[PDB]
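Trainee: any chance you could fold what I've pasted below:
(5 chains, ligands or ions: 1)
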Amino acid sequence: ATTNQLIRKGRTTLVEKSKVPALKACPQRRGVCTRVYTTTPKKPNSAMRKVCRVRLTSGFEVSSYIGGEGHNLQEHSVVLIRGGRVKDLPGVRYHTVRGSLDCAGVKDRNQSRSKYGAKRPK
Amino acid sequence: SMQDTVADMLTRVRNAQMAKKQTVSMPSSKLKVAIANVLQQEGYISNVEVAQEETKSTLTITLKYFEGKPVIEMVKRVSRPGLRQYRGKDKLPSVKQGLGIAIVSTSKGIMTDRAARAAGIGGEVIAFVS
RNA sequence: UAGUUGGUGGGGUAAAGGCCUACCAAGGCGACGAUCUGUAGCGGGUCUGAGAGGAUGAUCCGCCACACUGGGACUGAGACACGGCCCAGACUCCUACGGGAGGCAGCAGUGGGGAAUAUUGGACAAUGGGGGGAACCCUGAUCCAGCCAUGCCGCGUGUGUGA
RNA sequence: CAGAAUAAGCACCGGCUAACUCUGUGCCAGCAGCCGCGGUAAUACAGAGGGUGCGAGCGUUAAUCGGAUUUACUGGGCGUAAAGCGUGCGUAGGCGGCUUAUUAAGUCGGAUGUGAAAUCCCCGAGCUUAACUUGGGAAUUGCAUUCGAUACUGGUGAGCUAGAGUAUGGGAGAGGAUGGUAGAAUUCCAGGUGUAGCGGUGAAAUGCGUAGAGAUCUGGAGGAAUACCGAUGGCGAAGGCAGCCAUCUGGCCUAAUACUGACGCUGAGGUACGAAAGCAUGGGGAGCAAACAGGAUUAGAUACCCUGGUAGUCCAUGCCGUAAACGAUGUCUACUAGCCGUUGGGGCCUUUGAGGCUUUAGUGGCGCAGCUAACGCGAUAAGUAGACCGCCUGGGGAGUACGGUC
RNA sequence: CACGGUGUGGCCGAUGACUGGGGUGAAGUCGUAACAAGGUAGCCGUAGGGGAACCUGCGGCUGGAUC
Ligand SMILES: NCCC[C@H](N)CC(=O)NCCC[C@H](N)CC(=O)NCCC[C@H](N)CC(=O)N[C@@H]1[C@H](O)[C@@H](OC(N)=O)[C@@H](CO)O[C@H]1NC1=N[C@@H]2C(=O)NC[C@@H](O)[C@H]2N1
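Mentor: Numbers count the residues shown, from 1 in each chain, chains lettered A, B, ... in the order given. Coordinates below:
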């Protein structure tokens, strides 16, 4: 581009889009579990993944992953969701915080307890 | 069309040096003569001649070679008709840490960047030579 | 774009001025973006970056604007006035149905919203502000205290020996 | 004053990235920022042992800049990776040959005023240290006024001819428009000779023929296209243009004088032209041939093959505005080894007529330097530089939807 | 002159029986269009036809093999 072309038309910059639009620039969001179900991963993975469909205070209806082994969630539970992708479950872009509102902490764990929200055993 | 005769002169010099010519000739003008005189004083070229046969005038430059390489390794137009460059006395460019010369047109004549710094004036940066 | 652009006579203001009005003329703005439309308080500054740039405008300081929503004026040196007046609108409260009352975006606090942000505290001793001749009175400005690992900085949770 | 007495957790150990083994489970349970782990010996899942990094904190999520030269002013690209408009002309704008005088707008220098305080930085001071507070500086890269300089750019006056253009002689060409005309061939029609096949395919069949085909000879009708020449030839801005003749008409090449004196280059919007197919109205219709019909092939055949055949292909007057509209390479200018062809001209030399040197404008093959990721380009650059315009920013969704113009 | 009312138009959003195409997943069905001369060279524009990739006509390109 010549100097005259730069003066007539500048350099355009392309705005970026957030990977977690349902959070609406908040670190976490409250929601109500519309569904609690199980999905299968894409290839080359094979498992039985635990997912929930949650209606957020932002107005969106999204899907969140439940981490750890064993969860007490059912429909109409009130949960807190944060960002985070699974990358083997299509369309799942958020995680559920274990041990926050209705989600319980994972039991029988003693390593990495702050994630999964397990209190320190005596 | 031809719109930058200074750039034409610099390009002729660069191509002649790359082709190992001994002499390079072009149509003449007082600005090119001044630039050639500055180059000769700085030692990049050997001799400058002007032949005035008629209304036309021809400028001739004798080139220098040293240990199988041309003396002028880089000559670059800086200010151009499409973008003119002016610098103050505190922002005059330095060409490879002073081992080169930046030709500057100032209100006191055409001189090198260090001469302009010594005189405490700025001007238009014509070319970088090294 | 038709008080629209300019001019004259007059009005009006603390003061220049289409600020207003009666005539006269056809002017004025626009690709150097007018008109319309979306978003937005601005700056000193803050973060990042080698720099050029990019992002941002809490806490401190300057300027502007607003005070339940709109339209006005009064008093006064100064307001079109957060805790003043008049009018209109929505909402809320007391009533003995005769009649009345109100505006926390001041400090504290309540409900709600939210992932999330504190006490219905003390004193005018200090610095200021208002009144008074003074004594002195007022001051949720301010100076302090309470709560929170929210951040920065500092310290401790012991030292030596002991095969 | 009494007494170690009241006081230690969090993340991680496959690579990026410092820190490794054992049990449990067997593509399950689960982990995961990216690449990826788990299907019986899992350093990657869960526990334990050990270790690593931090420490009153440790991790996760969200957000900004960076790394990102990933919008490139500093500081990128467009032959084949994304990217040159199909091609011209031209408006605004950008840029613009040489000499000279003048001006001081751009440009440069000095002085003065201002650029609040706080903040950042430096030297100190006070906090038991540090955070923090604070004195003084430096900085605030800016703005304004005024005084100077005149190399370059701009303005003004004068001058010049190397760019650009004009007149006069000569030359080549399928350049364009209109009309006429010639020869070969296909098809149809009539007639003469003459008798069983013709045509078609890998092989066949549909089809034609004893009211006589095919073959052969003579004569008519009509349409479309121009063998040989013919060429890596020519002309045109591009799209494109081929028998011959006349009329109207554009550009180009070439020589020497004379003339004007920068009159130039590019070009957002705009506008003109623009293969084939297609559309409208009226004509024409030999051959060919989308659609369609029949015969074959095939598992099926909707196709490739065969026999027919309508629109169309042709003319007149208009529209449409798209192509792998390609050199996948925008226009203009200057410079940078050589060798061998060819087209249209100019000059010189031999010596009788045909050759040899040059020079210029096109068109080709190699190739030094240089450039490129490579392939390759290489005076017809994709090399070295300048002026202006167009365009690109991962692959799909998508040259799509909505709106608008035609 | 604020607020208000009437008539008629413009713009923004939400919603709507039914309907069209797109993407992702999984390999169930029908074929084999492209990549070798891919078994009819491929592709571009345009027009017609067809269950579907696609086929055919006209013009164009080499980003086509072998002679
Ligand atoms: N100043 C304005 C002047 C305008 C004028 N245009 C002059 C000009 O500017 N020319 C520039 C030269 C660029 C040239 N077009 C590029 C090129 O040549 N190939 C494109 C690059 C592809 C690849 N990287 C090379 C390649 O595959 N090569 C083949 C190859 O050698 C050979 O093929 C086989 N199978 O062996 C040959 C036989 O066919 O074909 C060549 N291919 C071709 N030969 C043709 C040709 O030269 N042209 C037209 C077109 O047909 C060309 N393709």
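
Trainee: residue ranges of the helices in chain A, please?
Mentor: A:3-8 (DSSP state H).

Trainee: where do the strands of it begin and end?
Mentor: A:28-39, A:49-56, A:61-65, A:78-83, A:94-96 (DSSP state E).

Trainee: so which of the ones you listed is the most packed in?
Mentor: strand A:94-96 (a mean of 23; mean count of other C-beta atoms under 10 Å in any protein chain shown). For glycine as for every other residue, the C-beta is placed from the backbone atoms N, C-alpha and C.

Trainee: before we move on, back to that, quick one: closest of the strands of chain A to RNA strand C.
Mentor: strand A:28-39 (3.4 Å; C-beta to the nearest atom of the strand).

Trainee: looking at chain A, which residue is nearest RNA strand D?
Mentor: For chain A, C-beta to the nearest atom of the strand, closest residue to RNA strand D: residue A:83, 2.5 Å.

Trainee: which residues touch that residue?
Mentor: A:19, A:20, A:23, A:93, A:94, A:95 (C-beta atoms under 8 Å, 6 or more residues apart in numbering or on different chains).

Trainee: what do you get for residue A:3?
Mentor: Here residue A:3 is in contact with B:82, B:83 (C-beta under 8 Å, 6+ apart).

Trainee: sorry, back to before: any chance of CSV for the contacts of residue A:83, columns distance to residue B:125?
Mentor: CSV is the format used below for these (distance: C-beta to C-beta, whole Å):
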residue, distance to residue B:125
A:19, 47
A:20, 51
A:23, 53
A:93, 54
A:94, 57
A:95, 58
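
Trainee: as JSON lines, these with distance to RNA strand D would be great.
Mentor: Converted to JSON lines, these look like this (distance: C-beta to the nearest atom of the strand, whole Å):
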{"residue": "A:19", "distance to RNA strand D": "6"}
{"residue": "A:20", "distance to RNA strand D": "5"}
{"residue": "A:23", "distance to RNA strand D": "5"}
{"residue": "A:93", "distance to RNA strand D": "8"}
{"residue": "A:94", "distance to RNA strand D": "8"}
{"residue": "A:95", "distance to RNA strand D": "7"}
